[PDB]
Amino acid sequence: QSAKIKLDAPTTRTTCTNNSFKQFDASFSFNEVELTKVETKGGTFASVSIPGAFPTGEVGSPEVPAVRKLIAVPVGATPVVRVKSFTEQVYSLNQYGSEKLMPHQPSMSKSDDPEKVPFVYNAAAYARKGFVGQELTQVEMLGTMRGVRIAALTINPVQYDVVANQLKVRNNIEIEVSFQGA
């Protein structure tokens, strides 16, 4: 079972338009978020995701979905993202259930019994008022693999107000990626 919450875009689509050799435009749109109820050692929580996204957040704090795009970086270039535009809307989650977003759990240690792993829940973070989230865009050089320099372009469309149980979703995100060199 899952609740589908419709967002202000007709489709979940990512586009890249190559406008020159050292520049491209990209656009990210999301038609919905999927909210699933998850049973845990700390209670029932909600888990919100977007198609092709991965969960992010500090260990013990509410998990939110982010999208990652991998790009090839030319030799001697630095990728620089410029945000052109986006839309933004708030979505109240209490109407679907009073459960808060699930807390982000630590990575699993291979030799551990999953049943005996202590559940991490930062009560102080769950009592903090106002919207919490990452910068909309991030660029990180990951390294070189088989002669290809790879960067990770991360898009963080979701902010969350745990006390109000509200999502703030940025959508129709238009960016320009420039490969700065000299």
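So that there is no doubt, residue numbering starts at 1 and follows the sequence shown.
Looking at 161-169 and 17-25 together, the entry lists the larger mean B-factor for 17-25, computed on C-alpha atoms. Per-stretch averaging of Cα B factors for 146-154 and 36-44 places 146-154 on top.
Per the PDB record, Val75 has a higher Cα B-factor than any other of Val75, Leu101, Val81, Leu93. The PDB entry gives the largest Cα B-factor of the residues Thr56, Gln138, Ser61, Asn31 to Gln138. Placement of the Cα temperature factor of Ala124 within the chain: highest third of the modelled residues, per the deposited record.
Placement of the Cα temperature factor of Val177 within the chain: middle third of the modelled residues, per the deposited record. Annotation for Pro65: CA B-factor lies in the lowest third of the chain's modelled residues.
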